[PDB]
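Examining the three-dimensional arrangement
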Amino acid sequence: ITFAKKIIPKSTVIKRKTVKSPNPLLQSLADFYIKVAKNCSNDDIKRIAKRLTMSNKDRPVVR
Amino acid sequence: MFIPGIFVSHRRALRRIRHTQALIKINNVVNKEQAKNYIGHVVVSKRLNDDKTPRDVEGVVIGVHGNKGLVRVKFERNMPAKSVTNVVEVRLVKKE
Amino acid sequence: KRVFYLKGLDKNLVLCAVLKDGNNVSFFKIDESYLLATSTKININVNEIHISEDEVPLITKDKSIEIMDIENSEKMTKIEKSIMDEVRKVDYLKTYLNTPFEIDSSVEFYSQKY
Amino acid sequence: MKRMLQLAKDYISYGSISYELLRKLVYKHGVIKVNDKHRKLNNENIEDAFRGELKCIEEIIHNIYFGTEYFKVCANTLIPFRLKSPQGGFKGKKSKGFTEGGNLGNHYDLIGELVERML
Amino acid sequence: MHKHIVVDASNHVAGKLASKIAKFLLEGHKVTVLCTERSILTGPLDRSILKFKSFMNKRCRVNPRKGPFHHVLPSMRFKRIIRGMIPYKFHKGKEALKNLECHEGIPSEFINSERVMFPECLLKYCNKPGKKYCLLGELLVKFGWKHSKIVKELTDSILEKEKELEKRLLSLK
Amino acid sequence: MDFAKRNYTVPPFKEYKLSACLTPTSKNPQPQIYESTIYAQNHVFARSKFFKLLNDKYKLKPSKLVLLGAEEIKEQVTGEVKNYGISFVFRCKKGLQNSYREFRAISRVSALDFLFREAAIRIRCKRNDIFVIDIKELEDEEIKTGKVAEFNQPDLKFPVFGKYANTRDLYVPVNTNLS
Amino acid sequence: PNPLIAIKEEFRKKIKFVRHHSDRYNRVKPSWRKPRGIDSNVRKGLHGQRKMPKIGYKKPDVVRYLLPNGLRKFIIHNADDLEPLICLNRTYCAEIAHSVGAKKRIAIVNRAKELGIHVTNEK
RNA sequence: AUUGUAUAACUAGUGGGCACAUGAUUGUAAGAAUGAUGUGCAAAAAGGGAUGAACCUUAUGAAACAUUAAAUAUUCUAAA
RNA sequence: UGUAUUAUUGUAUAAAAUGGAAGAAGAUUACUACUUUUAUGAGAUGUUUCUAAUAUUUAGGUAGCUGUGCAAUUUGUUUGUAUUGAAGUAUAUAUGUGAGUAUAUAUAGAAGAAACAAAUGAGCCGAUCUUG
Ligand SMILES: [Mg+2]
Ligand SMILES: [Mg+2]
Ligand SMILES: [Mg+2]
Ligand SMILES: [Mg+2]
Ligand SMILES: [Mg+2]
Ligand SMILES: [Mg+2]
Ligand SMILES: [Mg+2]
Ligand SMILES: [Mg+2]
Ligand SMILES: [Mg+2]
Ligand SMILES: [Mg+2]
Ligand SMILES: [Mg+2]
Ligand SMILES: [Mg+2]
Ligand SMILES: [Mg+2]
Ligand SMILES: [Mg+2]
């Protein structure tokens, strides 16, 4: 008899609350999606809130 | 109403001194079993002032120490350690 | 000095009566912890004695406090004949309350029965 | 498990206690795990530990004694106990073996003398 | 509470008596020793000469004036034994040595004063019976004590010569 | 232990009756049972001593054994002094030796401890090194030592040399008699 | 009285953190520097030598920066600068800078009297 | 038994070591020279071995109270 | 009662360079051998308060790597002080874990401070360091 523990993926956890860019508009978008992602059950919204706090390299360009 | 005593030394190791607890030899107490009754008794020590008036500091017995009736006691301001072999007294009032 | 314990109050104090020079008693209040008990006892009922807190003074630890002598209550003198008769019954009790209490040397304090 | 205790005998003293002393350990020193954090071992954290199968502390002690299929899950959700120094001290030495004159090794049923003073 | 105590030193072991006195001084009392020439030293007389002869060899080679001194009198020899127990360099030990006094035999002042003995140091109750021993003043004659004869005479003469209620109960009550 | 300073009537060593056998297997179910008596302090110390004895007379490893039951034996003591003779084997520096002694005590638990006191001087070895073969009560005309034969004769009287003080105090005045 | 004054006196120390060897010469100033030698007895922390600053000595955030009166001080430069601390009358106290002249210092005390602000720096 | 595991990018210091326990080679022998396994000092506090880099108990912020280990209980020195 | 061995144990064999080392005084019940109790005694281990990215889990550290902060000189913008007395210097008091800061009294006589950003000739006990 075992019990399986729930696995939270690391692509949904958030580490940095402050963005490294000196832009005041990007800071106002970033905390809005953090405020929603705490009380949301949908997974893809949590992926957006992490992706706003990354660098320039980690979000490359898309054709 | 007071029973005389002798301040022997602080609580010691061979090379380290704990300055907060002092050892007192009470008169005519020779055992552990007789020393267990003298707990919670107020101890008054008499020391001088700067203008040579009397000054008084009081303390409460904490517990026994050894096999021959030596008794630990905790004061308000600790003993000056130059008052070795002086005389303090024990009251008959219990303090809880 | 040996003092008759009459009754306990509510202020974490007690009522007590000490003898005086000639056949005179008083009242005072001290802490319960300032006392020491002996096995000797006379019979005094608690309903005869009445209690009033303002009449009776108190005594602190420190010596240099002047205490005021309050005028003697009328209820006391009726109680005074109920206690000064009790001292005449037991043989040599007036000589017992005049002699001061002393610690004896060469013997431990908590050995005797007192 | 007995062969593992044979190799690690230089730091380990072990035995086999009774039911009454086992009941005395859990009520005094008990810490449960739920979601990788230590908790108070109430009647409500037992629910979230076992997903509602066990509802009382007395259910746990019944499963360690009579070895059942819930043995591994109940023995693992307890963190190691934390005990005091023994009242009265050790008799001989701490380094030598039990049959040699010390304390280390296998006490068979006499482990109940050492744990109660440390308890 | 500090007492004054006169001690008769006779029939005592020399080293063991000096052990109990050094704790009795460090609590702040005053003590005096009489008849220190009659203490006992265990063992044969032949080893006890060999021990003292090794003590008379230590002297400073460069300047012998600034060297270890060897006292002869049984009073001043007994003081050197008690000094080994006490921390005589600091202020704590300098005070306790100001309350010590020893004497030769029995002087004139202490004929009427009482004496005490120590039961943990008497020879009959300390050791096994039936072994050899010697006195202290018997040993120091061979090292140059000038006068062991007059003290024996004067002390022994001292040690030879010493060898209406019912009305008041009713009236006062 | 009121007058004495150590318990001389109930020593630490006791008497245990032991029994054990092998664990059953397929080739050999229901094997042989053995029994003995070893003197020790608890049953755990007596388990270790007995299993080593079974290693030497038979090839039985102690890892395969199982302990059946061990109980303690006590004797209703009356209080008469009896004679005892102990035969034993002790281990020393050079090798093993075997000897024989005769004692006088109340019970055989007590007579064993008088051997440990004598062996502390004459032999100078730890108490776990002596292996006791048997203790028996000796009747008369088997006493081979004059020390037991001197004390067995009736109506003995001999005084005592007094050398002990009767006060636990620091100092007493001179001329008080410590009788 | 204020209950915060009795809580403030529980967290006090005597330790001063004076630099090593600052008494032996007049070259070395008594401000604190950390020794970085090889044989340094102060760096290893043996008993009998000086103590070093660590983060365990830090007071809590309720008691930190508190005056003995029970308030936290603030510096004003004008007579009209008292406007932001009118509502914080019980928590904060004000004091005057050391450059204000004696004539302008009179008009500050009359304005701190009406609003109820407690001024430490006087005379 | 372990809530993570796996993968990349960039960059510093070091390359004169010594000691204890177990077992070896050369040498009459060495606080001598040279290898093998484990742990230390270097870079590690307090208590004990009178004193000592490596021996014996022993994991780490500022303090107070009780229980022990190593070692000790005539006196210096706390404790029959 | 004595001759043979075995076990335990004592003495002789045993000699050096200034006055000596069981740590010392001294000990024959403070030496040696074997057991049980009592007590003293460590950032050890328990109980309570507080500080460090709801820590009932973690916290030493040479060479070395990274983060948060204090001191000095000059530049753009905003706010303010001063002949009823600015900058400097000398003594105290409070406050900060610490680099440090703020105020009070005496002396002296003409200019200096704070916030958001910028540029560096940007913080000494040592070099048989340089000048007085
Ligand atoms: Mg122990
Ligand atoms: Mg080891
Ligand atoms: Mg190096
Ligand atoms: Mg060390
Ligand atoms: Mg040594
Ligand atoms: Mg002592
Ligand atoms: Mg203790
Ligand atoms: Mg710890
Ligand atoms: Mg601790
Ligand atoms: Mg660190
Ligand atoms: Mg430069
Ligand atoms: Mg310079
Ligand atoms: Mg430098
Ligand atoms: Mg020059």
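Residues numbered from 1 in each chain as written, not as in the entry; some residues may be left out. Chains lettered and ligands numbered in written order. Part of a larger assembly, values for the part shown. Heavy atoms only, no water. Residues with missing side-chain atoms left out of burial classes, pairs and counts.

If you check the header, you'll see the entry was determined by cryo-EM and the resolution is listed as 3.4 Å.

**Details of the interface of chain E and chain F**
Contacts between chain E and chain F engage 13 residues on the former and 10 residues on the latter. Summed over both partners, the interface of chain E with chain F buries about 1200 Å², with 71% contributed by carbon and sulfur atoms. Per-residue buried area on chain E facing chain F is highest for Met 117, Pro 119 and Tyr 125 of chain E; these three make up 45% of the total on that side. The interface formed by chain E and chain F contains zero salt bridges. There are three residue pairs in polar contact connecting chain E and chain F. For the side of chain E that touches chain F, the elements supplying multiple residues, two or more each, are β5 (116-117) and α5 (123-126) of chain E. (Contact = heavy atoms within 4.5 Å. Buried area = accessible area lost by both parts, 1.4 Å probe. Salt bridge = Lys/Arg side-chain N within 4 Å of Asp/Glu carboxyl O. Polar contact = N/O pair within 3.5 Å; in protein donor to acceptor, adjacent residues only side chain to side chain. Helix = DSSP H or I, 4+ residues; strand = E, 2+ residues; numbered from the N terminus.)

**Considerations on the protein's contact with RNA strand H**
In the vicinity of RNA strand H there are 35 residues, among which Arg 16 and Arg 72 of chain B together with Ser 19, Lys 23 and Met 85 of chain E approach most closely. The separation between a phosphate oxygen of RNA strand H and a polar side-chain atom of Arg 72 of chain B is 2.4 Å. Within the backbone of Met 85 of chain E, an N or O atom sits 2.9 Å from a sugar or linking oxygen of RNA strand H. Every element with two or more residues in the surface near RNA strand H is listed here: β2 (17-26), β4 (54-65) and β5 (70-74) of chain B, α5 (71-76) of chain D together with α1 (14-25) of chain E. In terms of residue count, α1 of chain E provides more of the surface near RNA strand H than any other element does, three residues in total. Classifying every residue of the surface near RNA strand H by side-chain character gives eight nonpolar, 12 polar and 15 charged. (Near = heavy atom within 4 Å. Nonpolar A, V, L, I, M, F, W, Y, C, P; charged D, E, K, R; others polar.)

**Details of the protein's contact with RNA strand I**
Around RNA strand I, a shell composed of 76 residues is seen, among which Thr 42 and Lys 128 of chain E together with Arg 64, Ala 102 and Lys 104 of chain G lie nearest. Near-protein atoms of RNA strand I (within 4 Å) split between backbone and bases, with sugar and phosphate holding 74%. Within the side chain of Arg 11 of chain B, a nitrogen or oxygen atom sits 2.9 Å from a phosphate oxygen of RNA strand I. At 2.3 Å from a phosphate oxygen of RNA strand I is found a side-chain nitrogen or oxygen belonging to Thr 42 of chain E. Only β1 (3-12) of chain B, β3 (38-39) of chain D, α1 and α3 (74-82) of chain E, α2 (108-122) of chain F together with β2 (92-96) and α3 (104-115) of chain G provide two or more residues apiece to the surface near RNA strand I. The residue makeup of the surface near RNA strand I, split by class, is 20 nonpolar, 18 polar and 38 charged.

**Here we look at the arrangement of the chains**
There are six pairs of chains in contact here; the most contacts are made by chains E and F. In this assembly chain B lies apart from chain G, the nearest approach of their C-alpha atoms being 11 Å. Across the gap from chain D to chain G, with no contact made, the nearest C-alpha atoms are 25 Å apart.

**Looking at the nonpolar core**
Of all hydrophobic cores here, the largest spans 20 residues; its most connected members are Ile 5, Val 7, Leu 17, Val 31 and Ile 82 of chain E. Every element with two or more residues in this core is listed here: β1 (4-8), α1, β2 (30-34), α3 and β4 (100-102) of chain E. Broken down by element, the residue count for this core peaks at six residues, all from α1 of chain E. Once residues within four sequence positions are removed from consideration, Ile 5 of chain E is found in contact with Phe 24, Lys 30, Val 31, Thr 32 and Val 116 of chain E together with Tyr 171 of chain F. Counting residues in each nonpolar core, the second largest holds 19 residues, with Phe 7, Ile 26, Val 29 and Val 90 of chain B among its members. (Core = buried A, V, L, I, M, F, W, Y, C linked by side-chain atoms within 4.5 Å. Buried < 20%, exposed > 50% of the residue type's maximum accessible area, 1.4 Å probe, protein only.)

**Regarding the interface of chain F and chain D**
Taken together, the contact between chain F and chain D spans six residues of the former and four residues of the latter. Between chain F and chain D lies a buried interface of about 530 Å² when both sides are counted; carbon and sulfur atoms form 73% of it. Summed over the three residues of chain F that lose the most area to chain D, namely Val 44, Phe 45 and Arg 47 of chain F, the buried surface amounts to 66% of that side. Linking chain F to chain D there are zero salt bridges. Joining chain F to chain D, the criterion identifies zero residue pairs in polar contact. Class assignment of the residues belonging to the side of chain F that touches chain D gives a composition of two nonpolar, three polar and one charged.

**Structural notes on α1 of chain E**
All names here are of chain E. Helix length check: α1, at 12 residues, gives a terminal C-alpha distance of 17 Å against a target of 16 Å (1.5 Å per residue), a fit within 8%. Among the residues making up α1, those that are buried are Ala 14, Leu 17, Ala 18, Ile 21, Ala 22, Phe 24 and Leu 25. Down the axis of α1, the buried side of the element spans an arc of 155°, and every buried residue falls inside it. Buried residues belonging to α1 abut β1, β2, β3 (40-42), α3, α4 (91-96) and β4. (Expected span 1.5 Å × (residues − 1). Arc of directions from axis to C-beta.)

**Notes on the pairing of β1 of chain E**
On a regular strand, each side chain points to the face opposite its neighbour's, so the side chains alternate between the two faces of the sheet. Residues and elements named next belong to chain E. Across the five residues that make up β1, a large majority, four, are buried. In terms of strand pairing, β1 meets β2 through five bridges, oriented parallel. Each bridged residue has a counterpart across the sheet, and for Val 6 the counterpart in β2 is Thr 32. Handedness of the crossover is the feature at issue here: the chain leaves β1, passes through α1, returns alongside β2, and the resulting connection is right-handed. (Pairing = 2+ DSSP bridges. Right-handed = clockwise from strand over helix to strand, strands pointing away.)

**A short note on the sheet that holds strand β7 (residues 130-137) of chain F**
Residues and elements named next belong to chain F. Taking strand neighbours across the sheet as the criterion, the three strands line up as β6-β5-β7 in an open arrangement whose pairing is antiparallel. What marks the edges here is a single partner per strand, and that holds for β6 (96-105) and β7. On average, each strand axis in the sheet is inclined to that of its neighbour by 20°, with strand direction left out of account. In the sheet, strand β5 (residues 82-91) pairs with β7 via seven bridges, with the strands oriented antiparallel. Of the residues in β7, the one forming a bridge with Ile 86 is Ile 135. (Axes fitted to C-alpha atoms, helices over the stretch in contact; angles between N-to-C directions.)

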